[PDB]
>>> print(open('coords_3.tsv').read())   # TSV, C-alpha atoms and all ligand atoms
chain	number	residue	atom	x	y	z
A	122	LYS	CA	9.89	16.12	9.69
A	123	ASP	CA	7.15	14.04	8.03
A	124	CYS	CA	3.62	13.35	9.30
A	125	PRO	CA	3.09	9.73	10.41
A	126	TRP	CA	-0.64	9.71	9.62
A	127	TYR	CA	-0.05	11.37	6.25
A	128	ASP	CA	2.72	8.86	5.59
A	129	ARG	CA	0.11	6.16	6.07
A	130	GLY	CA	-1.97	8.04	3.50
A	131	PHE	CA	-4.57	10.18	5.27
A	132	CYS	CA	-4.56	12.82	8.02
A	133	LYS	CA	-7.81	14.00	9.61
A	134	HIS	CA	-6.37	17.48	10.26
A	135	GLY	CA	-4.57	18.40	7.02
A	136	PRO	CA	-3.59	22.07	7.01
A	137	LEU	CA	-3.99	22.15	10.80
A	138	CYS	CA	-1.68	19.22	11.44
A	139	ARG	CA	1.24	20.09	13.72
A	140	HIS	CA	3.64	17.98	11.59
A	141	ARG	CA	4.58	18.36	7.94
A	142	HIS	CA	2.70	16.63	5.13
A	143	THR	CA	5.39	15.66	2.64
A	144	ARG	CA	3.70	14.55	-0.58
A	145	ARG	CA	5.00	11.13	-1.56
A	146	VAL	CA	4.39	8.56	-4.31
A	147	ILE	CA	2.98	5.11	-3.57
A	148	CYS	CA	4.19	1.86	-5.11
A	149	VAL	CA	1.39	0.37	-7.22
A	150	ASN	CA	3.07	-3.02	-6.93
A	151	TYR	CA	2.90	-2.79	-3.14
A	152	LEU	CA	-0.68	-1.53	-3.49
A	153	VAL	CA	-1.73	-4.68	-5.34
A	154	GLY	CA	0.20	-6.80	-2.84
A	155	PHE	CA	3.87	-7.49	-3.55
A	156	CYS	CA	7.01	-5.53	-4.44
A	157	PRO	CA	10.40	-7.32	-4.60
A	158	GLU	CA	12.55	-4.19	-4.15
A	159	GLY	CA	11.26	-3.80	-0.58
A	160	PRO	CA	13.26	-1.10	1.22
A	161	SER	CA	15.13	-0.38	-2.02
A	162	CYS	CA	11.99	0.53	-3.98
A	163	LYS	CA	11.79	4.13	-5.16
A	164	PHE	CA	8.08	4.34	-4.29
A	165	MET	CA	6.46	4.35	-0.91
A	166	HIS	CA	5.34	1.18	0.87
A	167	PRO	CA	2.75	2.64	3.28
A	168	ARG	CA	2.09	0.59	6.39
A	169	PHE	CA	-1.60	0.36	7.36
A	170	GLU	CA	-0.88	-0.07	11.09
B	147	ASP	CA	-18.37	18.14	8.55
B	148	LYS	CA	-15.25	16.87	6.75
B	149	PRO	CA	-12.89	19.75	5.95
B	150	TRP	CA	-11.27	18.23	2.85
B	151	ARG	CA	-14.72	18.54	1.27
B	152	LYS	CA	-14.79	22.30	0.92
B	153	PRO	CA	-13.87	24.22	-2.26
B	154	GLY	CA	-11.41	26.30	-0.25
B	155	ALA	CA	-9.57	23.12	0.74
B	156	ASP	CA	-6.92	21.15	-1.18
B	157	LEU	CA	-7.34	17.40	-0.78
B	158	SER	CA	-3.58	16.79	-1.02
B	159	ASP	CA	-3.25	18.44	2.39
B	160	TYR	CA	-5.28	15.51	3.78
B	161	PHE	CA	-4.50	12.53	1.53
B	162	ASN	CA	-1.04	11.43	0.43
B	163	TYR	CA	-0.02	9.58	-2.72
B	164	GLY	CA	-2.83	11.11	-4.72
B	165	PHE	CA	-5.56	9.31	-2.81
B	166	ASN	CA	-9.16	10.43	-3.10
B	167	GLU	CA	-11.94	10.33	-0.56
B	168	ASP	CA	-13.29	7.38	-2.52
B	169	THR	CA	-9.98	5.85	-3.34
B	170	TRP	CA	-8.85	6.02	0.29
B	171	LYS	CA	-12.08	4.46	1.51
B	172	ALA	CA	-11.71	1.77	-1.15
B	173	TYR	CA	-8.14	1.24	0.06
B	174	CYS	CA	-9.37	0.77	3.62
B	175	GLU	CA	-12.05	-1.72	2.53
B	176	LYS	CA	-9.41	-3.72	0.66
B	177	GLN	CA	-7.26	-3.69	3.78
B	178	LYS	CA	-10.21	-4.91	5.82
B	179	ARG	CA	-11.14	-7.76	3.49
B	180	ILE	CA	-7.66	-8.95	2.57
B	181	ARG	CA	-6.18	-9.12	6.08
B	182	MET	CA	-9.28	-11.12	7.12
B	183	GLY	CA	-11.44	-13.41	5.03
B	184	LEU	CA	-11.39	-14.81	1.49
C	129	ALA	CA	-3.11	-3.37	-11.74
C	130	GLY	CA	0.38	-4.66	-10.98
C	131	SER	CA	3.19	-5.49	-13.39
C	132	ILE	CA	6.90	-6.35	-13.39
C	133	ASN	CA	8.84	-5.46	-16.55
C	134	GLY	CA	5.84	-6.36	-18.68
C	135	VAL	CA	4.22	-9.19	-16.68
C	136	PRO	CA	1.10	-8.92	-14.48
C	137	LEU	CA	2.22	-9.02	-10.86
C	138	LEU	CA	-0.10	-11.90	-9.98
C	139	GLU	CA	1.24	-13.97	-12.89
C	140	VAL	CA	4.90	-13.47	-11.90
C	141	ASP	CA	6.42	-16.57	-10.30
C	142	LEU	CA	8.29	-15.85	-7.08
C	143	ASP	CA	10.29	-19.08	-7.45
C	144	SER	CA	12.19	-17.65	-10.45
C	145	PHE	CA	13.85	-14.79	-8.56
C	146	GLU	CA	17.58	-14.91	-7.90
C	147	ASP	CA	17.60	-12.88	-4.67
C	148	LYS	CA	14.45	-13.85	-2.70
C	149	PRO	CA	15.50	-11.67	0.28
C	150	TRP	CA	12.06	-12.17	1.88
C	151	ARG	CA	13.13	-15.61	3.14
C	152	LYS	CA	15.68	-14.02	5.49
C	153	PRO	CA	15.68	-14.88	9.22
C	154	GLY	CA	14.13	-11.62	10.35
C	155	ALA	CA	13.62	-9.56	7.21
C	156	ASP	CA	10.96	-6.84	7.12
C	157	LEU	CA	8.41	-8.80	5.12
C	158	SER	CA	6.14	-5.76	5.49
C	159	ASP	CA	8.54	-4.08	3.08
C	160	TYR	CA	7.74	-6.74	0.46
C	161	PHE	CA	4.26	-8.11	1.20
C	162	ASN	CA	1.27	-5.85	1.87
C	163	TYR	CA	-1.82	-6.84	3.84
C	164	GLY	CA	0.34	-9.20	5.89
C	165	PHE	CA	0.88	-11.54	2.94
C	166	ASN	CA	3.48	-14.31	3.00
C	167	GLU	CA	5.34	-15.88	0.09
C	168	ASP	CA	2.91	-18.78	0.30
C	169	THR	CA	-0.11	-16.60	1.07
C	170	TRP	CA	0.69	-14.24	-1.80
C	171	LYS	CA	1.01	-17.12	-4.27
C	172	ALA	CA	-2.24	-18.56	-2.92
C	173	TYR	CA	-3.88	-15.15	-3.28
C	174	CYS	CA	-2.43	-15.06	-6.78
C	175	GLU	CA	-3.71	-18.53	-7.65
C	176	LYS	CA	-7.12	-17.60	-6.26
C	177	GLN	CA	-7.29	-14.36	-8.24
C	178	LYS	CA	-6.33	-16.06	-11.50
C	179	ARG	CA	-8.99	-18.78	-11.26
C	180	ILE	CA	-11.63	-16.02	-11.17
C	181	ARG	CA	-10.79	-13.65	-14.01
D	1	ZN	ZN	-0.87	15.21	9.69
D	2	ZN	ZN	7.69	-0.95	-4.35
>>> encode(input="coords_3.tsv", output="structure tokens")
Amino acid sequence: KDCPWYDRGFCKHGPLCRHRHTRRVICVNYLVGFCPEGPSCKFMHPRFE
Amino acid sequence: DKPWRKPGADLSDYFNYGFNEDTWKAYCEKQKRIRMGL
Amino acid sequence: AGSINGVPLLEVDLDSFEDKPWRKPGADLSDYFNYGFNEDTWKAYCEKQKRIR
């Protein structure tokens, strides 16, 4: 299990969330705008949907 | 009002990737501007 | 804030890459480009950012 809202980066509930809040690392390169590794990158590419 | 804001809370339970209240808000503003404007 | 093997991410040229798997007919460009960027839009964003600072 992994929390979808937490996987985006923020969950309003937190400790009260029904799903698990796996701590992840974000890709700075994706955070500035572009990462060529895409799915192969070690670091998370959070979707802002 | 916001439960990440209390000393008995741990932000990491709310924000992933080491975000802060301010860094997350900043991240949302960037999202807003970039996807529309400029 | 970005960098690739010692080069600011905005100053990297996408045309130099050997793979360019973000041209594929159906690839997940969201995996590569954030904020809904495109290869052209990212380079434009890059060229805009450089002219400023
Ligand atoms: Zn959650
Ligand atoms: Zn990445």
>>> residues_near_ligand(input="coords_3.tsv", ligand="ligand ZN 1 (chain D)", cutoff="8 Å", atoms="only C-alpha atoms and all ligand atoms", output="list in words")
residues 124, 125, 126, 127, 131, 132, 133, 134, 135, 136, 137, 138, 139, 140, 141 and 142 of chain A; 160 of chain B
>>> interface_residues(input="coords_3.tsv", of="chain C", to="chain A", cutoff="6 Å", atoms="only C-alpha atoms", output="ChimeraX atom specification")
/C:130,159-162
>>> closest_residue(input="coords_3.tsv", among="B:176, B:171, B:148, B:181", to="chain C", atoms="only C-alpha atoms")
B:181
>>> axis_aligned_box(input="coords_3.tsv", around="stretch 158-175 of chain B", padding_each_side="5 Å", output="JSON")
{"center_x": -6.7, "center_y": 8.4, "center_z": -0.5, "size_x": 23.3, "size_y": 30.2, "size_z": 18.5}
>>> atom_distance(input="coords_3.tsv", atom1="atom CA of residue B:162", atom2="atom CA of residue B:175")
17.3 Å
>>> interface_residues(input="coords_3.tsv", of="chain B", to="chain A", cutoff="8 Å", atoms="only C-alpha atoms", output="list in words")
residues 150, 158, 159, 160, 161, 162, 163, 164, 165, 170 and 177 of chain B
>>> interface_residues(input="coords_3.tsv", of="chain C", to="chain B", cutoff="12 Å", atoms="all atoms listed in the file", output="PyMOL selection string")
chain C and resi 161-166+169-170+172-173+176-177
>>> atom_distance(input="coords_3.tsv", atom1="atom CA of residue C:156", atom2="atom CA of residue C:136")
23.8 Å
>>> atom_distance(input="coords_3.tsv", atom1="atom CA of residue C:171", atom2="atom CA of residue C:153")
20.1 Å
>>> closest_residue(input="coords_3.tsv", among="C:158, C:142, C:134, C:181", to="ligand ZN 2 (chain D)", atoms="only C-alpha atoms and all ligand atoms")
C:158
>>> build_atoms(input="coords_3.tsv", residues="stretch 150-168 of chain B", atoms="N, CA and C atoms", output="compact mmCIF listing (two decimals), in the frame of the given file")
# COMPACT_ATOMS: atom_id res chain seq x y z
N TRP B 150 -11.81 18.39 4.20
CA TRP B 150 -11.27 18.23 2.85
C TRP B 150 -12.34 18.46 1.80
N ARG B 151 -13.61 18.48 2.21
CA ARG B 151 -14.72 18.54 1.27
C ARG B 151 -15.11 19.96 0.87
N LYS B 152 -14.36 20.95 1.25
CA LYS B 152 -14.79 22.30 0.92
C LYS B 152 -13.99 22.87 -0.25
N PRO B 153 -14.61 23.70 -1.10
CA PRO B 153 -13.87 24.22 -2.26
C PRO B 153 -12.63 24.99 -1.87
N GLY B 154 -12.59 25.57 -0.66
CA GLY B 154 -11.41 26.30 -0.25
C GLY B 154 -10.28 25.42 0.22
N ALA B 155 -10.54 24.12 0.37
CA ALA B 155 -9.57 23.12 0.74
C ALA B 155 -8.86 22.51 -0.47
N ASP B 156 -7.69 21.92 -0.20
CA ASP B 156 -6.92 21.15 -1.18
C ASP B 156 -6.78 19.74 -0.62
N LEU B 157 -7.34 18.75 -1.32
CA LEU B 157 -7.34 17.40 -0.78
C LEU B 157 -5.93 16.96 -0.39
N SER B 158 -4.95 17.27 -1.24
CA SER B 158 -3.58 16.79 -1.02
C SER B 158 -3.08 17.11 0.37
N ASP B 159 -3.61 18.14 1.01
CA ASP B 159 -3.25 18.44 2.39
C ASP B 159 -3.73 17.36 3.35
N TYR B 160 -4.72 16.57 2.95
CA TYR B 160 -5.28 15.51 3.78
C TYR B 160 -4.80 14.12 3.36
N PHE B 161 -4.82 13.84 2.06
CA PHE B 161 -4.50 12.53 1.53
C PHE B 161 -3.16 12.57 0.82
N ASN B 162 -2.32 11.57 1.08
CA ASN B 162 -1.04 11.43 0.43
C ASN B 162 -1.17 10.52 -0.79
N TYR B 163 -0.12 10.49 -1.59
CA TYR B 163 -0.02 9.58 -2.72
C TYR B 163 -1.11 9.77 -3.75
N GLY B 164 -1.78 10.91 -3.75
CA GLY B 164 -2.83 11.11 -4.72
C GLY B 164 -4.11 10.36 -4.42
N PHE B 165 -4.31 9.96 -3.18
CA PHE B 165 -5.56 9.31 -2.81
C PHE B 165 -6.72 10.27 -2.97
N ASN B 166 -7.90 9.70 -3.16
CA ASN B 166 -9.16 10.43 -3.10
C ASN B 166 -9.95 10.01 -1.87
N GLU B 167 -11.01 10.76 -1.59
CA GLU B 167 -11.94 10.33 -0.56
C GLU B 167 -12.42 8.92 -0.86
N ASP B 168 -12.82 8.68 -2.11
CA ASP B 168 -13.29 7.38 -2.52
C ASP B 168 -12.23 6.37 -2.70
